[PDB]
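Asks: Got a structure here, written out as structure tokens. Questions coming.
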Number of protein chains: 2
Amino acid sequence: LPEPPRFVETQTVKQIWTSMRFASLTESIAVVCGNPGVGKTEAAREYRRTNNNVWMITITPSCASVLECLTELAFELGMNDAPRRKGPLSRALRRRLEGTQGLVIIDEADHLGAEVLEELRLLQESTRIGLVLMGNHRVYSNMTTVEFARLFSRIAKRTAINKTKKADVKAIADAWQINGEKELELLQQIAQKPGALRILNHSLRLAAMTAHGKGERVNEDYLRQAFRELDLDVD
Amino acid sequence: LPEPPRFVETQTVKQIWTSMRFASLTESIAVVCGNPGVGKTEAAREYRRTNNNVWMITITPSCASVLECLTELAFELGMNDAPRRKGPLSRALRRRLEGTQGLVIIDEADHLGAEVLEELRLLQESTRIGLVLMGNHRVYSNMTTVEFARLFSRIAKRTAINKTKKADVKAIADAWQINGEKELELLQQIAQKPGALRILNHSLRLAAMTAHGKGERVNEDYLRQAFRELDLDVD
Ligand SMILES: Nc1ncnc2c1ncn2[C@@H]1O[C@H](COP(=O)(O)OP(=O)(O)O)[C@@H](O)[C@H]1O
Ligand SMILES: Nc1ncnc2c1ncn2[C@@H]1O[C@H](COP(=O)(O)OP(=O)(O)O)[C@@H](O)[C@H]1O
């Protein structure tokens, strides 16, 4: 019956915003390597939503080249007049973004070739801007160890988040107006299982839509009815 | 009138034989980087002349590839039936030289590409043998720094010889039967100028052929007559 919150600031969100603003204002490269289902994509989306001079793209294996990634960057910077070449595209990206004190955000940096990430680091080094990587722990694990070693000298900042926190899901429950202590422990048990923010928000929206359709309050019984579903331990 | 010595053991020769036998019996890679005119080529030739299970090739820019270098190696190992391919040539070189406890000697390793020296180090690592490099100081200076870094872990031994020694030219003068103290100082002055063994042996053979043609002994005057030639300080 109250509003379902689309987002809440957490301890992990306040950490990743600190590292984000650090990589931007420092104008240096930071890696966010950690297991997904923790919210780094939506946190970076929230940062780009709240703050200007911030740019965030995604990288697919269908867009794993240098040219496709720079085309994504040209679409993100607001330039539909991107040349199909690699050279003058790169120099136009260098022209547009110089002096902006901007921030480039890279999601799924584990799908990168060495030439692609090398062109991105030489780009940001020739632009005096900040670069932020996302993905699993393989993003850092592809570097330990000699081809990204100068990049390992440029990579100074990383905040690695494997699993969530107690105050993390506590602030989430505060956003969703949850005060049951057994409910708190059950949400922590949800946070124990992987895909934590995903499975958590699934269970929360199931319980919320159930409590609105039945006209009631989300209780621990609606949490068991939601979390008992989704077939997580089914092989 | 006595015999002109083709070779003498020196302190530098005893050092480079120690490093040579070390790289061979250790079955690991050693670098000899230093300015030429010091005798490393003739010392390695002397080592191969005195000792069995020892192989020494040269590398030209006309033979700077992997295939040409392995063809040189196949000629050096006594196999005229070398295939023109790169694969079965390399495996035949691996077959012939395994269990031999041999020594490969490389002259002018400064002309090497990374693929060539990488194939040589993977060869010797797949053969359990010793590899010895020669050349100027650029041989080590091409590594400081990430592509030969694992090779920098395999390169443990190096003896760098820039200039000669006092006992060096003293033993040379003892081979050439020289007992003048001013003659000793003048030979040291020859050793000060670069191309030391080359210019030294040039001056020695000029003085020796002069003393045989005039029927006399090599004196300090024949040393001035030889060393005053060769036009070293002429631009
Ligand atoms: N503050 C928040 N409150 C609730 N859910 C969040 C919050 N931030 C992120 N999420 C959740 O994170 C999920 C996506 O992030 P995630 O899959 O962890 O990204 P990545 O796959 O890059 O690690 C979304 O389903 C979203 O519900
Ligand atoms: N023991 C020795 N006595 C006299 N001369 C020597 C001796 N060893 C080497 N040399 C001289 O070294 C010269 C060639 O070696 P060098 O040019 O220094 O090889 P590199 O060019 O590989 O450094 C020859 O001219 C030879 O006269």
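How things are named: the first chain in the structure tokens is A, the next is B, and so on; residues count from 1 in each chain; ligands count from 1 in the order shown.
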Could you work out which residues of chain A fall inside 12 Å of chain B? Count only C-alpha atoms, and format the result as a JSON list (two decimals) with N, CA, C and O atoms, in the first residue's frame.

Replies:
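Output saved as out20.json:
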```json
[["chain", "number", "residue", "atom", "x", "y", "z"],
["A", 145, "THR", "N", 50.14, -11.54, -16.68],
["A", 145, "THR", "CA", 50.33, -10.55, -15.62],
["A", 145, "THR", "C", 51.22, -9.41, -16.09],
["A", 145, "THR", "O", 51.57, -8.52, -15.31],
["A", 146, "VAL", "N", 51.57, -9.42, -17.37],
["A", 146, "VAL", "CA", 52.56, -8.49, -17.90],
["A", 146, "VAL", "C", 52.00, -7.54, -18.94],
["A", 146, "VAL", "O", 52.56, -6.44, -19.12],
["A", 147, "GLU", "N", 50.91, -7.89, -19.64],
["A", 147, "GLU", "CA", 50.42, -7.02, -20.69],
["A", 147, "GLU", "C", 49.58, -5.88, -20.13],
["A", 147, "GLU", "O", 49.60, -4.77, -20.68],
["A", 148, "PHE", "N", 48.86, -6.12, -19.04],
["A", 148, "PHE", "CA", 48.15, -5.07, -18.32],
["A", 148, "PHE", "C", 48.94, -4.58, -17.11],
["A", 148, "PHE", "O", 48.35, -4.01, -16.19],
["A", 149, "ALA", "N", 50.26, -4.80, -17.10],
["A", 149, "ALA", "CA", 51.07, -4.45, -15.93],
["A", 149, "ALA", "C", 51.24, -2.94, -15.81],
["A", 149, "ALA", "O", 51.21, -2.40, -14.70],
["A", 150, "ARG", "N", 51.42, -2.25, -16.94],
["A", 150, "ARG", "CA", 51.39, -0.79, -16.89],
["A", 150, "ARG", "C", 49.98, -0.29, -16.57],
["A", 150, "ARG", "O", 49.83, 0.72, -15.88],
["A", 151, "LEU", "N", 48.95, -1.01, -17.01],
["A", 151, "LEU", "CA", 47.60, -0.70, -16.58],
["A", 151, "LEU", "C", 47.40, -1.03, -15.10],
["A", 151, "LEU", "O", 46.70, -0.29, -14.40]]
```

Asks: Enumerate as a VMD selection string the residues within 7 Å of ligand 2, counting only C-alpha atoms and all ligand atoms.

Replies: chain B and resid 6 to 10 13 35 to 43 107 to 108 134 to 135 172 197 to 198 201

Asks: I need the residues from that last selection saved to file as a JSON list (two decimals), in the first residue's frame (with N, CA, C and O atoms), if you can.

Replies:
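Result saved to out-v2.json:
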```
[["chain", "number", "residue", "atom", "x", "y", "z"],
["B", 6, "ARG", "N", 97.78, -17.47, -31.45],
["B", 6, "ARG", "CA", 96.42, -17.26, -31.93],
["B", 6, "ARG", "C", 95.43, -16.99, -30.82],
["B", 6, "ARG", "O", 94.36, -16.44, -31.08],
["B", 7, "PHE", "N", 95.77, -17.36, -29.58],
["B", 7, "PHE", "CA", 94.85, -17.24, -28.46],
["B", 7, "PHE", "C", 95.65, -17.34, -27.16],
["B", 7, "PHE", "O", 96.68, -18.02, -27.11],
["B", 8, "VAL", "N", 95.16, -16.66, -26.13],
["B", 8, "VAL", "CA", 95.65, -16.78, -24.77],
["B", 8, "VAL", "C", 94.45, -16.76, -23.84],
["B", 8, "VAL", "O", 93.44, -16.10, -24.11],
["B", 9, "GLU", "N", 94.54, -17.54, -22.76],
["B", 9, "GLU", "CA", 93.56, -17.47, -21.69],
["B", 9, "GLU", "C", 93.79, -16.20, -20.88],
["B", 9, "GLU", "O", 94.93, -15.86, -20.55],
["B", 10, "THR", "N", 92.71, -15.46, -20.62],
["B", 10, "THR", "CA", 92.80, -14.22, -19.86],
["B", 10, "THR", "C", 91.95, -14.34, -18.60],
["B", 10, "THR", "O", 91.32, -15.38, -18.38],
["B", 13, "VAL", "N", 88.63, -14.30, -20.18],
["B", 13, "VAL", "CA", 88.37, -15.60, -20.79],
["B", 13, "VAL", "C", 88.04, -16.65, -19.73],
["B", 13, "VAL", "O", 87.12, -17.45, -19.90],
["B", 35, "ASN", "N", 80.42, -4.22, -24.74],
["B", 35, "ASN", "CA", 80.90, -3.58, -25.95],
["B", 35, "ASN", "C", 81.89, -4.48, -26.68],
["B", 35, "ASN", "O", 82.73, -5.13, -26.03],
["B", 36, "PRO", "N", 81.82, -4.57, -28.00],
["B", 36, "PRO", "CA", 82.67, -5.52, -28.73],
["B", 36, "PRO", "C", 84.12, -5.07, -28.79],
["B", 36, "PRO", "O", 84.49, -4.01, -28.28],
["B", 37, "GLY", "N", 84.93, -5.88, -29.45],
["B", 37, "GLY", "CA", 86.37, -5.72, -29.38],
["B", 37, "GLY", "C", 86.98, -6.26, -28.11],
["B", 37, "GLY", "O", 88.10, -5.86, -27.77],
["B", 38, "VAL", "N", 86.28, -7.14, -27.40],
["B", 38, "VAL", "CA", 86.76, -7.70, -26.15],
["B", 38, "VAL", "C", 87.05, -9.19, -26.26],
["B", 38, "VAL", "O", 87.68, -9.77, -25.37],
["B", 39, "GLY", "N", 86.60, -9.83, -27.33],
["B", 39, "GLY", "CA", 86.99, -11.20, -27.59],
["B", 39, "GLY", "C", 85.97, -12.26, -27.27],
["B", 39, "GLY", "O", 86.36, -13.43, -27.18],
["B", 40, "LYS", "N", 84.70, -11.90, -27.10],
["B", 40, "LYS", "CA", 83.70, -12.89, -26.68],
["B", 40, "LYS", "C", 83.42, -13.90, -27.79],
["B", 40, "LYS", "O", 83.16, -15.08, -27.51],
["B", 41, "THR", "N", 83.53, -13.47, -29.05],
["B", 41, "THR", "CA", 83.32, -14.36, -30.18],
["B", 41, "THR", "C", 84.42, -15.41, -30.25],
["B", 41, "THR", "O", 84.15, -16.61, -30.36],
["B", 42, "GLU", "N", 85.68, -14.97, -30.15],
["B", 42, "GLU", "CA", 86.79, -15.90, -30.23],
["B", 42, "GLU", "C", 86.91, -16.74, -28.97],
["B", 42, "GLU", "O", 87.37, -17.88, -29.02],
["B", 43, "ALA", "N", 86.46, -16.21, -27.83],
["B", 43, "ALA", "CA", 86.43, -17.02, -26.62],
["B", 43, "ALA", "C", 85.39, -18.12, -26.71],
["B", 43, "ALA", "O", 85.65, -19.26, -26.30],
["B", 107, "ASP", "N", 75.35, -15.63, -31.00],
["B", 107, "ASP", "CA", 76.12, -14.41, -31.20],
["B", 107, "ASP", "C", 75.23, -13.36, -31.85],
["B", 107, "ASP", "O", 74.42, -13.66, -32.73],
["B", 108, "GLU", "N", 75.43, -12.11, -31.41],
["B", 108, "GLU", "CA", 74.62, -10.95, -31.78],
["B", 108, "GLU", "C", 73.13, -11.18, -31.51],
["B", 108, "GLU", "O", 72.31, -11.26, -32.42],
["B", 134, "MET", "N", 75.11, -13.40, -26.92],
["B", 134, "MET", "CA", 76.21, -12.47, -27.08],
["B", 134, "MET", "C", 75.68, -11.19, -27.70],
["B", 134, "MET", "O", 74.55, -11.15, -28.19],
["B", 135, "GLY", "N", 76.49, -10.15, -27.66],
["B", 135, "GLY", "CA", 76.14, -8.90, -28.32],
["B", 135, "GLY", "C", 76.58, -7.72, -27.47],
["B", 135, "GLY", "O", 77.36, -7.87, -26.52],
["B", 172, "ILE", "N", 98.17, -11.22, -22.23],
["B", 172, "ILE", "CA", 98.34, -11.13, -23.67],
["B", 172, "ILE", "C", 99.80, -10.83, -24.03],
["B", 172, "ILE", "O", 100.37, -11.47, -24.92],
["B", 197, "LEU", "N", 90.65, -5.64, -28.20],
["B", 197, "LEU", "CA", 91.32, -6.85, -28.67],
["B", 197, "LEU", "C", 91.59, -6.78, -30.16],
["B", 197, "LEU", "O", 92.63, -7.26, -30.63],
["B", 198, "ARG", "N", 90.68, -6.16, -30.92],
["B", 198, "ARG", "CA", 90.86, -6.02, -32.37],
["B", 198, "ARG", "C", 92.05, -5.13, -32.69],
["B", 198, "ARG", "O", 92.96, -5.54, -33.42],
["B", 201, "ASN", "N", 95.34, -6.75, -31.44],
["B", 201, "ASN", "CA", 95.87, -7.84, -32.25],
["B", 201, "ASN", "C", 96.35, -7.32, -33.60],
["B", 201, "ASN", "O", 97.31, -7.85, -34.17]]
```

Asks: Quick one: everything within 10 Å of range 85-94 of chain B, counting only C-alpha atoms, minus sequence neighbours fewer than 3 positions away in the same chain. Send it as a PDB file with N, CA and C atoms, in the first residue's frame.

Replies:
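Once written, selection_24.pdb looks like this:
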```pdb
ATOM      1  N   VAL B  66      62.670 -16.836 -37.182  1.00  0.00           N
ATOM      2  CA  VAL B  66      62.712 -18.090 -36.439  1.00  0.00           C
ATOM      3  C   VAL B  66      63.268 -19.202 -37.315  1.00  0.00           C
ATOM      4  N   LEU B  67      62.783 -19.275 -38.560  1.00  0.00           N
ATOM      5  CA  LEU B  67      63.100 -20.388 -39.449  1.00  0.00           C
ATOM      6  C   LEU B  67      64.569 -20.393 -39.842  1.00  0.00           C
ATOM      7  N   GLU B  68      65.122 -19.218 -40.153  1.00  0.00           N
ATOM      8  CA  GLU B  68      66.531 -19.127 -40.518  1.00  0.00           C
ATOM      9  C   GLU B  68      67.434 -19.460 -39.339  1.00  0.00           C
ATOM     10  N   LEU B  70      66.641 -21.453 -36.762  1.00  0.00           N
ATOM     11  CA  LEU B  70      66.571 -22.888 -36.527  1.00  0.00           C
ATOM     12  C   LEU B  70      67.267 -23.666 -37.633  1.00  0.00           C
ATOM     13  N   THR B  71      67.331 -23.099 -38.838  1.00  0.00           N
ATOM     14  CA  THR B  71      68.099 -23.717 -39.909  1.00  0.00           C
ATOM     15  C   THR B  71      69.590 -23.655 -39.614  1.00  0.00           C
ATOM     16  N   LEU B  73      70.743 -23.607 -36.603  1.00  0.00           N
ATOM     17  CA  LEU B  73      70.898 -24.582 -35.530  1.00  0.00           C
ATOM     18  C   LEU B  73      70.969 -26.003 -36.071  1.00  0.00           C
ATOM     19  N   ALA B  74      70.152 -26.311 -37.077  1.00  0.00           N
ATOM     20  CA  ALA B  74      70.170 -27.638 -37.675  1.00  0.00           C
ATOM     21  C   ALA B  74      71.463 -27.893 -38.432  1.00  0.00           C
ATOM     22  N   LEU B  77      74.059 -28.567 -35.601  1.00  0.00           N
ATOM     23  CA  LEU B  77      73.948 -29.844 -34.914  1.00  0.00           C
ATOM     24  C   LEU B  77      74.319 -31.027 -35.795  1.00  0.00           C
ATOM     25  N   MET B  79      72.783 -31.839 -38.935  1.00  0.00           N
ATOM     26  CA  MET B  79      71.609 -32.421 -39.581  1.00  0.00           C
ATOM     27  C   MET B  79      71.331 -31.643 -40.862  1.00  0.00           C
ATOM     28  N   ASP B  81      69.417 -32.844 -43.110  1.00  0.00           N
ATOM     29  CA  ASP B  81      68.086 -33.275 -43.510  1.00  0.00           C
ATOM     30  C   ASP B  81      67.008 -32.436 -42.836  1.00  0.00           C
ATOM     31  N   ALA B  82      67.287 -31.156 -42.630  1.00  0.00           N
ATOM     32  CA  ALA B  82      66.345 -30.278 -41.963  1.00  0.00           C
ATOM     33  C   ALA B  82      65.159 -29.978 -42.876  1.00  0.00           C
ATOM     34  N   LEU B  97      68.608 -33.064 -29.629  1.00  0.00           N
ATOM     35  CA  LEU B  97      69.397 -32.387 -28.620  1.00  0.00           C
ATOM     36  C   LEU B  97      68.975 -32.744 -27.200  1.00  0.00           C
ATOM     37  N   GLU B  98      67.850 -33.438 -27.041  1.00  0.00           N
ATOM     38  CA  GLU B  98      67.406 -33.899 -25.733  1.00  0.00           C
ATOM     39  C   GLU B  98      68.326 -35.003 -25.225  1.00  0.00           C
ATOM     40  N   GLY B  99      68.691 -34.926 -23.946  1.00  0.00           N
ATOM     41  CA  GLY B  99      69.562 -35.905 -23.336  1.00  0.00           C
ATOM     42  C   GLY B  99      71.034 -35.713 -23.619  1.00  0.00           C
ATOM     43  N   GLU B 119      60.868 -18.352 -29.058  1.00  0.00           N
ATOM     44  CA  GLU B 119      60.946 -19.720 -29.547  1.00  0.00           C
ATOM     45  C   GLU B 119      62.227 -20.400 -29.093  1.00  0.00           C
ATOM     46  N   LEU B 120      63.334 -19.656 -29.011  1.00  0.00           N
ATOM     47  CA  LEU B 120      64.571 -20.236 -28.488  1.00  0.00           C
ATOM     48  C   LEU B 120      64.475 -20.579 -27.006  1.00  0.00           C
ATOM     49  N   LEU B 123      62.296 -23.488 -26.706  1.00  0.00           N
ATOM     50  CA  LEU B 123      63.039 -24.629 -27.215  1.00  0.00           C
ATOM     51  C   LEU B 123      63.942 -25.209 -26.143  1.00  0.00           C
ATOM     52  N   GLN B 124      64.831 -24.383 -25.587  1.00  0.00           N
ATOM     53  CA  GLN B 124      65.761 -24.846 -24.566  1.00  0.00           C
ATOM     54  C   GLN B 124      65.052 -25.291 -23.296  1.00  0.00           C
ATOM     55  N   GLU B 125      63.898 -24.699 -22.987  1.00  0.00           N
ATOM     56  CA  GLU B 125      63.098 -25.140 -21.858  1.00  0.00           C
ATOM     57  C   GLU B 125      62.430 -26.478 -22.137  1.00  0.00           C
ATOM     58  N   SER B 126      62.163 -26.781 -23.409  1.00  0.00           N
ATOM     59  CA  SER B 126      61.661 -28.086 -23.818  1.00  0.00           C
ATOM     60  C   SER B 126      62.781 -29.026 -24.246  1.00  0.00           C
ATOM     61  N   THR B 127      64.028 -28.684 -23.943  1.00  0.00           N
ATOM     62  CA  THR B 127      65.162 -29.525 -24.297  1.00  0.00           C
ATOM     63  C   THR B 127      66.065 -29.804 -23.107  1.00  0.00           C
ATOM     64  N   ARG B 128      65.953 -29.013 -22.032  1.00  0.00           N
ATOM     65  CA  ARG B 128      66.748 -29.117 -20.803  1.00  0.00           C
ATOM     66  C   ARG B 128      68.236 -28.944 -21.128  1.00  0.00           C
TER      67      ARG B 128
END
```

Asks: I need the residues of range 22-71 of chain A that end up classed as helix (DSSP H, G or I) by DSSP on the backbone, written out as number ranges by chain.

Replies: A: 22-26, 40-50, 61-63, 66-71

Asks: For the selection just defined, write its residues with N, CA, C and O atoms to a file, as an mmCIF file, in the first residue's frame.

Replies:
```
data_model
loop_
_atom_site.group_PDB
_atom_site.id
_atom_site.type_symbol
_atom_site.label_atom_id
_atom_site.label_comp_id
_atom_site.auth_asym_id
_atom_site.auth_seq_id
_atom_site.Cartn_x
_atom_site.Cartn_y
_atom_site.Cartn_z
ATOM 1 N N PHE A 22 35.775 9.237 -6.784
ATOM 2 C CA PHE A 22 37.225 9.189 -6.703
ATOM 3 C C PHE A 22 37.864 8.942 -8.060
ATOM 4 O O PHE A 22 38.809 9.643 -8.424
ATOM 5 N N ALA A 23 37.366 7.960 -8.814
ATOM 6 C CA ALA A 23 37.913 7.692 -10.139
ATOM 7 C C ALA A 23 37.647 8.839 -11.103
ATOM 8 O O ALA A 23 38.474 9.113 -11.980
ATOM 9 N N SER A 24 36.519 9.527 -10.945
ATOM 10 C CA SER A 24 36.218 10.673 -11.790
ATOM 11 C C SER A 24 37.071 11.892 -11.478
ATOM 12 O O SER A 24 37.756 12.389 -12.375
ATOM 13 N N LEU A 25 37.044 12.386 -10.242
ATOM 14 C CA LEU A 25 37.774 13.582 -9.853
ATOM 15 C C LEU A 25 39.280 13.350 -9.832
ATOM 16 O O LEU A 25 40.059 14.275 -10.085
ATOM 17 N N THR A 26 39.704 12.118 -9.556
ATOM 18 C CA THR A 26 41.093 11.706 -9.683
ATOM 19 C C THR A 26 41.511 11.577 -11.141
ATOM 20 O O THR A 26 42.704 11.725 -11.440
ATOM 21 N N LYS A 40 25.698 -3.239 -8.725
ATOM 22 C CA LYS A 40 26.667 -2.270 -9.232
ATOM 23 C C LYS A 40 26.156 -1.586 -10.498
ATOM 24 O O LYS A 40 26.435 -0.402 -10.733
ATOM 25 N N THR A 41 25.360 -2.305 -11.295
ATOM 26 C CA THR A 41 24.791 -1.732 -12.509
ATOM 27 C C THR A 41 23.779 -0.649 -12.174
ATOM 28 O O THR A 41 23.834 0.462 -12.714
ATOM 29 N N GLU A 42 22.867 -0.947 -11.249
ATOM 30 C CA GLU A 42 21.845 0.025 -10.889
ATOM 31 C C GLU A 42 22.427 1.154 -10.053
ATOM 32 O O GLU A 42 21.930 2.282 -10.101
ATOM 33 N N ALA A 43 23.503 0.884 -9.309
ATOM 34 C CA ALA A 43 24.175 1.963 -8.592
ATOM 35 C C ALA A 43 24.867 2.920 -9.549
ATOM 36 O O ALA A 43 24.810 4.139 -9.352
ATOM 37 N N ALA A 44 25.495 2.392 -10.600
ATOM 38 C CA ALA A 44 26.124 3.261 -11.589
ATOM 39 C C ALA A 44 25.080 4.018 -12.402
ATOM 40 O O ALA A 44 25.282 5.193 -12.742
ATOM 41 N N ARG A 45 23.957 3.360 -12.712
ATOM 42 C CA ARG A 45 22.823 4.032 -13.343
ATOM 43 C C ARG A 45 22.272 5.144 -12.463
ATOM 44 O O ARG A 45 21.928 6.221 -12.960
ATOM 45 N N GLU A 46 22.204 4.905 -11.153
ATOM 46 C CA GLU A 46 21.731 5.921 -10.224
ATOM 47 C C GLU A 46 22.701 7.089 -10.144
ATOM 48 O O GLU A 46 22.282 8.250 -10.061
ATOM 49 N N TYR A 47 24.002 6.796 -10.186
ATOM 50 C CA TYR A 47 25.011 7.847 -10.163
ATOM 51 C C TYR A 47 24.938 8.705 -11.420
ATOM 52 O O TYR A 47 25.082 9.930 -11.361
ATOM 53 N N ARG A 48 24.719 8.068 -12.570
ATOM 54 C CA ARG A 48 24.598 8.807 -13.822
ATOM 55 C C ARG A 48 23.290 9.588 -13.847
ATOM 56 O O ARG A 48 23.217 10.676 -14.429
ATOM 57 N N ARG A 49 22.260 9.049 -13.195
ATOM 58 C CA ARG A 49 20.973 9.724 -13.127
ATOM 59 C C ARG A 49 21.029 10.964 -12.246
ATOM 60 O O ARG A 49 20.412 11.984 -12.574
ATOM 61 N N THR A 50 21.767 10.900 -11.140
ATOM 62 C CA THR A 50 21.873 12.033 -10.232
ATOM 63 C C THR A 50 22.878 13.080 -10.684
ATOM 64 O O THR A 50 22.707 14.262 -10.365
ATOM 65 N N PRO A 61 29.396 -9.199 -25.871
ATOM 66 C CA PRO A 61 30.281 -9.896 -26.821
ATOM 67 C C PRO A 61 29.978 -9.578 -28.273
ATOM 68 O O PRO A 61 30.869 -9.717 -29.121
ATOM 69 N N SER A 62 28.752 -9.156 -28.589
ATOM 70 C CA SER A 62 28.437 -8.650 -29.918
ATOM 71 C C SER A 62 29.027 -7.268 -30.173
ATOM 72 O O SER A 62 29.067 -6.831 -31.328
ATOM 73 N N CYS A 63 29.477 -6.573 -29.129
ATOM 74 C CA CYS A 63 30.130 -5.281 -29.291
ATOM 75 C C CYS A 63 31.480 -5.289 -28.588
ATOM 76 O O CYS A 63 31.813 -4.350 -27.858
ATOM 77 N N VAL A 66 37.072 -2.759 -30.670
ATOM 78 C CA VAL A 66 37.375 -1.363 -30.381
ATOM 79 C C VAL A 66 36.324 -0.457 -31.002
ATOM 80 O O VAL A 66 35.813 0.462 -30.351
ATOM 81 N N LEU A 67 35.975 -0.732 -32.262
ATOM 82 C CA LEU A 67 35.106 0.153 -33.034
ATOM 83 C C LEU A 67 33.692 0.183 -32.473
ATOM 84 O O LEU A 67 33.087 1.254 -32.363
ATOM 85 N N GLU A 68 33.160 -0.983 -32.100
ATOM 86 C CA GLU A 68 31.819 -1.044 -31.529
ATOM 87 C C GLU A 68 31.760 -0.359 -30.171
ATOM 88 O O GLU A 68 30.779 0.324 -29.859
ATOM 89 N N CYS A 69 32.811 -0.517 -29.362
ATOM 90 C CA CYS A 69 32.860 0.136 -28.058
ATOM 91 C C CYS A 69 32.947 1.650 -28.197
ATOM 92 O O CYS A 69 32.271 2.388 -27.468
ATOM 93 N N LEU A 70 33.756 2.131 -29.141
ATOM 94 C CA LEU A 70 33.835 3.570 -29.353
ATOM 95 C C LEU A 70 32.561 4.107 -29.987
ATOM 96 O O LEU A 70 32.206 5.268 -29.770
ATOM 97 N N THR A 71 31.846 3.270 -30.738
ATOM 98 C CA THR A 71 30.548 3.668 -31.262
ATOM 99 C C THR A 71 29.527 3.805 -30.143
ATOM 100 O O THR A 71 28.726 4.749 -30.146
#
```

Asks: Could you write out, as a list in words, all the residues of range 15-149 of chain B that DSSP marks as strand (DSSP E or B)?

Replies: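 Result set for range 15-149 of chain B (strand (DSSP E or B)): residues 29, 30, 31, 55, 56, 57, 58, 103, 104, 105, 106, 107, 130, 131, 132 and 133 of chain B.
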
Asks: Write the residues you've just listed into a file as a compact mmCIF listing (two decimals), in the first residue's frame, and include C-alpha atoms for each of them.

Replies:
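Result went into selection32.txt, see below:
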```txt
# COMPACT_ATOMS: atom_id res chain seq x y z
CA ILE B 29 70.00 -18.94 -20.03
CA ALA B 30 72.93 -16.54 -19.61
CA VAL B 31 73.46 -13.18 -21.35
CA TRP B 55 77.25 -25.58 -30.32
CA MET B 56 77.73 -22.01 -31.51
CA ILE B 57 75.91 -20.19 -34.30
CA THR B 58 75.79 -16.60 -35.49
CA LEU B 103 75.01 -25.82 -25.03
CA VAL B 104 73.60 -23.43 -27.61
CA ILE B 105 75.59 -20.23 -28.13
CA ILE B 106 73.99 -17.19 -29.76
CA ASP B 107 76.12 -14.41 -31.20
CA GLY B 130 71.84 -24.23 -21.87
CA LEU B 131 71.51 -21.05 -23.93
CA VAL B 132 74.16 -18.32 -24.16
CA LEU B 133 73.61 -14.90 -25.75
```

Asks: Find the residue from A:75, A:170, A:178, A:65 that sits nearest to residue 118 in chain A; use only C-alpha atoms when measuring.

Replies: A:65

Asks: Could you jot down the CA of residue 59 in chain A to CA of residue 110 in chain A separation for me, Å, one decimal place?

Replies: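 Answer for the CA of residue 59 in chain A to CA of residue 110 in chain A separation: 9.3 Å.
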
Asks: Might you pull out every residue within 10 Å of residue 208 in chain A, with only C-alpha atoms counted and same-chain residues fewer than 2 positions away left off, and present them as a PyMOL selection string?

Replies: chain A and resi 1-4+176+202-206+210-219+222-223+226

Asks: Hey, can you check how far CA of residue 221 in chain B sits from CA of residue 184 in chain B?

Replies: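 For CA of residue 221 in chain B relative to CA of residue 184 in chain B, the distance reads 13.0 Å.
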
Asks: As an exercise, work out the distance from CA of residue 207 in chain A to CA of residue 195 in chain A in Å and give it to one decimal place.

Replies: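 Separation of CA of residue 207 in chain A and CA of residue 195 in chain A: 17.9 Å.
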